[PDB]
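Participant: Take this structure, written in structure tokens, and hold onto it; I'll ask about it next.
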Amino acid sequence: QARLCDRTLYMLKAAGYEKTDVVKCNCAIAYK
Amino acid sequence: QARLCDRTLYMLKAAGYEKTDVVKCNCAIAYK
Amino acid sequence: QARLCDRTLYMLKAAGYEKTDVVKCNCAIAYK
């Protein structure tokens, strides 16, 4: 599914993130 | 357009970067 | 070929990594 490396996440709330933390969506990567 | 997360940028000079700072180009990501 | 930016690598053993360090494979990015 998803993978959190340091501050960057390669589900959002599952790892403590929210879509105000996503930084890119391929048509994701979240960061905080 | 572009998005700078810590040291990594997901325009270059707009955010203080130059192409000697890009690290990948999908056919970008800059880092310093 | 490959490019190591801080903790993130955009060959594995060439830069001191192993596939237990890869975090994404586009069909790579390693991290430690």
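Residues in the structure tokens are named by chain (A, B, ... in the order shown) and by number from 1 within that chain; ligands are numbered from 1 in the order shown.
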Output the contact residues of chain B with respect to chain A at a cut-off of 8 Å, based on only C-alpha atoms, as a PyMOL selection string.
Facilitator: chain B and resi 3+5+10
Participant: Restricting the output to N, CA and C atoms, write the selected residues as a PDB file, in the first residue's frame.
Facilitator:
ATOM      1  N   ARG B   3       6.804  22.637  -6.110  1.00  0.00           N
ATOM      2  CA  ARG B   3       6.526  22.459  -4.684  1.00  0.00           C
ATOM      3  C   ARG B   3       7.790  22.033  -3.947  1.00  0.00           C
ATOM      4  N   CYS B   5       9.688  20.788  -0.680  1.00  0.00           N
ATOM      5  CA  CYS B   5       9.511  20.062   0.566  1.00  0.00           C
ATOM      6  C   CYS B   5      10.906  19.855   1.150  1.00  0.00           C
ATOM      7  N   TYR B  10       9.706  19.532  -5.937  1.00  0.00           N
ATOM      8  CA  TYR B  10       8.860  18.815  -6.900  1.00  0.00           C
ATOM      9  C   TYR B  10       8.249  19.784  -7.910  1.00  0.00           C
TER      10      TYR B  10
END
Participant: As a list in words, please: the residues near residue 2 (chain B) (cut-off 9 Å, only C-alpha atoms, same-chain neighbours under 4 positions excluded).
Facilitator: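 With the cut-off at 9 Å, the set is residues 9, 10, 11, 12 and 15 of chain B.
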Participant: Lay chain B over chain A using all C-alpha atoms, matched one to one in order, with a least-squares fit; then write it out as a PDB file with N, CA, C and O atoms, in the first residue's frame.
Facilitator:
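Everything below was put into superposed.pdb:
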ATOM      1  N   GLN B   1       0.825  -1.210   0.000  1.00  0.00           N
ATOM      2  CA  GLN B   1       0.000   0.000   0.000  1.00  0.00           C
ATOM      3  C   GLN B   1       0.866   1.270   0.000  1.00  0.00           C
ATOM      4  O   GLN B   1       1.190   1.810  -1.067  1.00  0.00           O
ATOM      5  N   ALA B   2       1.243   1.733   1.197  1.00  0.00           N
ATOM      6  CA  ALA B   2       1.974   2.983   1.387  1.00  0.00           C
ATOM      7  C   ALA B   2       3.242   2.739   2.204  1.00  0.00           C
ATOM      8  O   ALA B   2       3.387   1.716   2.879  1.00  0.00           O
ATOM      9  N   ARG B   3       4.159   3.711   2.162  1.00  0.00           N
ATOM     10  CA  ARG B   3       5.484   3.528   2.755  1.00  0.00           C
ATOM     11  C   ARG B   3       6.048   4.868   3.213  1.00  0.00           C
ATOM     12  O   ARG B   3       6.245   5.772   2.396  1.00  0.00           O
ATOM     13  N   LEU B   4       6.309   5.007   4.509  1.00  0.00           N
ATOM     14  CA  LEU B   4       6.761   6.283   5.056  1.00  0.00           C
ATOM     15  C   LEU B   4       8.261   6.226   5.319  1.00  0.00           C
ATOM     16  O   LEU B   4       8.733   5.406   6.112  1.00  0.00           O
ATOM     17  N   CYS B   5       8.993   7.116   4.663  1.00  0.00           N
ATOM     18  CA  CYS B   5      10.439   7.222   4.762  1.00  0.00           C
ATOM     19  C   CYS B   5      10.734   8.604   5.339  1.00  0.00           C
ATOM     20  O   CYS B   5      10.597   9.611   4.638  1.00  0.00           O
ATOM     21  N   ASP B   6      11.102   8.652   6.623  1.00  0.00           N
ATOM     22  CA  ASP B   6      11.459   9.902   7.299  1.00  0.00           C
ATOM     23  C   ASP B   6      10.287  10.877   7.269  1.00  0.00           C
ATOM     24  O   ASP B   6       9.303  10.669   7.977  1.00  0.00           O
ATOM     25  N   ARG B   7      10.345  11.940   6.476  1.00  0.00           N
ATOM     26  CA  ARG B   7       9.227  12.875   6.471  1.00  0.00           C
ATOM     27  C   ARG B   7       8.302  12.678   5.287  1.00  0.00           C
ATOM     28  O   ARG B   7       7.321  13.416   5.150  1.00  0.00           O
ATOM     29  N   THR B   8       8.598  11.714   4.434  1.00  0.00           N
ATOM     30  CA  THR B   8       7.979  11.594   3.127  1.00  0.00           C
ATOM     31  C   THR B   8       7.268  10.261   3.068  1.00  0.00           C
ATOM     32  O   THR B   8       7.846   9.229   3.421  1.00  0.00           O
ATOM     33  N   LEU B   9       6.027  10.292   2.616  1.00  0.00           N
ATOM     34  CA  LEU B   9       5.181   9.115   2.548  1.00  0.00           C
ATOM     35  C   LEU B   9       4.957   8.762   1.081  1.00  0.00           C
ATOM     36  O   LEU B   9       4.483   9.599   0.304  1.00  0.00           O
ATOM     37  N   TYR B  10       5.330   7.534   0.710  1.00  0.00           N
ATOM     38  CA  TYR B  10       5.096   6.991  -0.634  1.00  0.00           C
ATOM     39  C   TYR B  10       3.881   6.065  -0.640  1.00  0.00           C
ATOM     40  O   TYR B  10       3.709   5.261   0.278  1.00  0.00           O
ATOM     41  N   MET B  11      -5.270   5.940   3.441  1.00  0.00           N
ATOM     42  CA  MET B  11      -3.854   5.668   3.692  1.00  0.00           C
ATOM     43  C   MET B  11      -3.187   6.857   4.355  1.00  0.00           C
ATOM     44  O   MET B  11      -2.344   6.693   5.233  1.00  0.00           O
ATOM     45  N   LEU B  12      -3.571   8.057   3.920  1.00  0.00           N
ATOM     46  CA  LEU B  12      -3.028   9.268   4.519  1.00  0.00           C
ATOM     47  C   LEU B  12      -3.222   9.256   6.028  1.00  0.00           C
ATOM     48  O   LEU B  12      -2.250   9.220   6.794  1.00  0.00           O
ATOM     49  N   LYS B  13      -4.483   9.257   6.473  1.00  0.00           N
ATOM     50  CA  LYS B  13      -4.773   9.192   7.899  1.00  0.00           C
ATOM     51  C   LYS B  13      -4.271   7.904   8.536  1.00  0.00           C
ATOM     52  O   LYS B  13      -4.010   7.893   9.743  1.00  0.00           O
ATOM     53  N   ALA B  14      -4.116   6.828   7.757  1.00  0.00           N
ATOM     54  CA  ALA B  14      -3.540   5.597   8.301  1.00  0.00           C
ATOM     55  C   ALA B  14      -2.124   5.819   8.820  1.00  0.00           C
ATOM     56  O   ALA B  14      -1.708   5.186   9.796  1.00  0.00           O
ATOM     57  N   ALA B  15      -1.371   6.715   8.191  1.00  0.00           N
ATOM     58  CA  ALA B  15      -0.007   6.991   8.611  1.00  0.00           C
ATOM     59  C   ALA B  15       0.123   8.366   9.246  1.00  0.00           C
ATOM     60  O   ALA B  15       1.239   8.877   9.384  1.00  0.00           O
ATOM     61  N   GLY B  16      -0.999   8.973   9.627  1.00  0.00           N
ATOM     62  CA  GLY B  16      -0.966  10.251  10.302  1.00  0.00           C
ATOM     63  C   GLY B  16      -0.889  11.439   9.381  1.00  0.00           C
ATOM     64  O   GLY B  16      -0.462  12.513   9.806  1.00  0.00           O
ATOM     65  N   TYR B  17      -1.279  11.281   8.126  1.00  0.00           N
ATOM     66  CA  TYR B  17      -1.253  12.361   7.151  1.00  0.00           C
ATOM     67  C   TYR B  17      -2.673  12.728   6.724  1.00  0.00           C
ATOM     68  O   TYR B  17      -3.648  12.016   6.981  1.00  0.00           O
ATOM     69  N   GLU B  18      -2.774  13.879   6.076  1.00  0.00           N
ATOM     70  CA  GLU B  18      -4.022  14.358   5.514  1.00  0.00           C
ATOM     71  C   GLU B  18      -3.683  14.952   4.155  1.00  0.00           C
ATOM     72  O   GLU B  18      -2.518  15.235   3.863  1.00  0.00           O
ATOM     73  N   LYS B  19      -4.697  15.089   3.298  1.00  0.00           N
ATOM     74  CA  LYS B  19      -4.432  15.546   1.939  1.00  0.00           C
ATOM     75  C   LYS B  19      -3.895  16.982   1.886  1.00  0.00           C
ATOM     76  O   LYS B  19      -3.367  17.385   0.844  1.00  0.00           O
ATOM     77  N   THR B  20      -3.969  17.761   2.974  1.00  0.00           N
ATOM     78  CA  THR B  20      -3.194  19.001   2.994  1.00  0.00           C
ATOM     79  C   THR B  20      -1.688  18.751   3.087  1.00  0.00           C
ATOM     80  O   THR B  20      -0.915  19.716   3.007  1.00  0.00           O
ATOM     81  N   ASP B  21      -1.268  17.482   3.237  1.00  0.00           N
ATOM     82  CA  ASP B  21       0.128  17.067   3.269  1.00  0.00           C
ATOM     83  C   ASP B  21       0.612  16.445   1.961  1.00  0.00           C
ATOM     84  O   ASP B  21       1.826  16.288   1.790  1.00  0.00           O
ATOM     85  N   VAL B  22      -0.285  16.070   1.042  1.00  0.00           N
ATOM     86  CA  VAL B  22       0.178  15.541  -0.238  1.00  0.00           C
ATOM     87  C   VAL B  22       0.894  16.652  -1.001  1.00  0.00           C
ATOM     88  O   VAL B  22       0.531  17.833  -0.908  1.00  0.00           O
ATOM     89  N   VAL B  23       1.919  16.271  -1.750  1.00  0.00           N
ATOM     90  CA  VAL B  23       2.696  17.243  -2.523  1.00  0.00           C
ATOM     91  C   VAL B  23       2.732  16.926  -4.008  1.00  0.00           C
ATOM     92  O   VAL B  23       3.078  17.814  -4.816  1.00  0.00           O
ATOM     93  N   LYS B  24       2.363  15.715  -4.420  1.00  0.00           N
ATOM     94  CA  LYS B  24       2.332  15.323  -5.822  1.00  0.00           C
ATOM     95  C   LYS B  24       1.328  14.183  -5.987  1.00  0.00           C
ATOM     96  O   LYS B  24       1.162  13.350  -5.089  1.00  0.00           O
ATOM     97  N   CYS B  25       0.627  14.189  -7.121  1.00  0.00           N
ATOM     98  CA  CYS B  25      -0.289  13.120  -7.503  1.00  0.00           C
ATOM     99  C   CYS B  25      -0.019  12.743  -8.950  1.00  0.00           C
ATOM    100  O   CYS B  25      -0.201  13.567  -9.854  1.00  0.00           O
ATOM    101  N   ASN B  26       0.432  11.509  -9.160  1.00  0.00           N
ATOM    102  CA  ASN B  26       0.660  10.995 -10.500  1.00  0.00           C
ATOM    103  C   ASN B  26      -0.661  10.507 -11.075  1.00  0.00           C
ATOM    104  O   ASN B  26      -1.354   9.698 -10.447  1.00  0.00           O
ATOM    105  N   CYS B  27      -1.013  11.022 -12.257  1.00  0.00           N
ATOM    106  CA  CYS B  27      -2.226  10.628 -12.981  1.00  0.00           C
ATOM    107  C   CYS B  27      -1.942  10.231 -14.429  1.00  0.00           C
ATOM    108  O   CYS B  27      -1.798   9.044 -14.740  1.00  0.00           O
ATOM    109  N   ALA B  28       0.670   8.806  -5.255  1.00  0.00           N
ATOM    110  CA  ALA B  28       0.918  10.085  -4.588  1.00  0.00           C
ATOM    111  C   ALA B  28       2.146  10.073  -3.655  1.00  0.00           C
ATOM    112  O   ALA B  28       2.731   9.026  -3.339  1.00  0.00           O
ATOM    113  N   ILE B  29       2.536  11.275  -3.245  1.00  0.00           N
ATOM    114  CA  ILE B  29       3.607  11.502  -2.283  1.00  0.00           C
ATOM    115  C   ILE B  29       3.116  12.581  -1.328  1.00  0.00           C
ATOM    116  O   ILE B  29       2.694  13.658  -1.767  1.00  0.00           O
ATOM    117  N   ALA B  30       3.127  12.275  -0.037  1.00  0.00           N
ATOM    118  CA  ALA B  30       2.780  13.232   0.998  1.00  0.00           C
ATOM    119  C   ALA B  30       4.022  13.525   1.823  1.00  0.00           C
ATOM    120  O   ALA B  30       4.956  12.725   1.872  1.00  0.00           O
ATOM    121  N   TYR B  31       4.019  14.691   2.468  1.00  0.00           N
ATOM    122  CA  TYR B  31       5.187  15.199   3.170  1.00  0.00           C
ATOM    123  C   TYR B  31       4.724  16.120   4.290  1.00  0.00           C
ATOM    124  O   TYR B  31       3.804  16.917   4.095  1.00  0.00           O
ATOM    125  N   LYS B  32       5.385  16.043   5.448  1.00  0.00           N
ATOM    126  CA  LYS B  32       5.103  16.999   6.514  1.00  0.00           C
ATOM    127  C   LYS B  32       6.316  17.185   7.445  1.00  0.00           C
ATOM    128  O   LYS B  32       7.218  16.335   7.443  1.00  0.00           O
TER     129      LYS B  32
END
Participant: Enumerate the residues of chain A with a DSSP assignment of strand (DSSP E), computed from the backbone, and present them as JSON, numbers by chain.
Facilitator: {"A": [4, 5, 8, 9, 22, 23, 24, 29, 30, 31]}
Participant: Go ahead and save the residues from that selection, with N, CA, C and O atoms, as a short mmCIF file (atom, residue, chain, number, x, y, z; two decimals), in the first residue's frame.
Facilitator:
data_model
loop_
_atom_site.label_atom_id
_atom_site.label_comp_id
_atom_site.auth_asym_id
_atom_site.auth_seq_id
_atom_site.Cartn_x
_atom_site.Cartn_y
_atom_site.Cartn_z
N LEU A 4 6.31 5.01 4.51
CA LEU A 4 6.76 6.28 5.06
C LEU A 4 8.26 6.23 5.32
O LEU A 4 8.73 5.41 6.11
N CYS A 5 8.99 7.12 4.66
CA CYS A 5 10.44 7.22 4.76
C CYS A 5 10.73 8.60 5.34
O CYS A 5 10.60 9.61 4.64
N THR A 8 8.60 11.71 4.43
CA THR A 8 7.98 11.59 3.13
C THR A 8 7.27 10.26 3.07
O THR A 8 7.85 9.23 3.42
N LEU A 9 6.03 10.29 2.62
CA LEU A 9 5.18 9.11 2.55
C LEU A 9 4.96 8.76 1.08
O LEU A 9 4.48 9.60 0.30
N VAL A 22 -0.29 16.07 1.04
CA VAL A 22 0.18 15.54 -0.24
C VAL A 22 0.89 16.65 -1.00
O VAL A 22 0.53 17.83 -0.91
N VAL A 23 1.92 16.27 -1.75
CA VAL A 23 2.70 17.24 -2.52
C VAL A 23 2.73 16.93 -4.01
O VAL A 23 3.08 17.81 -4.82
N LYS A 24 2.36 15.72 -4.42
CA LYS A 24 2.33 15.32 -5.82
C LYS A 24 1.33 14.18 -5.99
O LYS A 24 1.16 13.35 -5.09
N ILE A 29 2.54 11.28 -3.25
CA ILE A 29 3.61 11.50 -2.28
C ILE A 29 3.12 12.58 -1.33
O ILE A 29 2.69 13.66 -1.77
N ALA A 30 3.13 12.27 -0.04
CA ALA A 30 2.78 13.23 1.00
C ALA A 30 4.02 13.53 1.82
O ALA A 30 4.96 12.73 1.87
N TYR A 31 4.02 14.69 2.47
CA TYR A 31 5.19 15.20 3.17
C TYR A 31 4.72 16.12 4.29
O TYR A 31 3.80 16.92 4.09
#
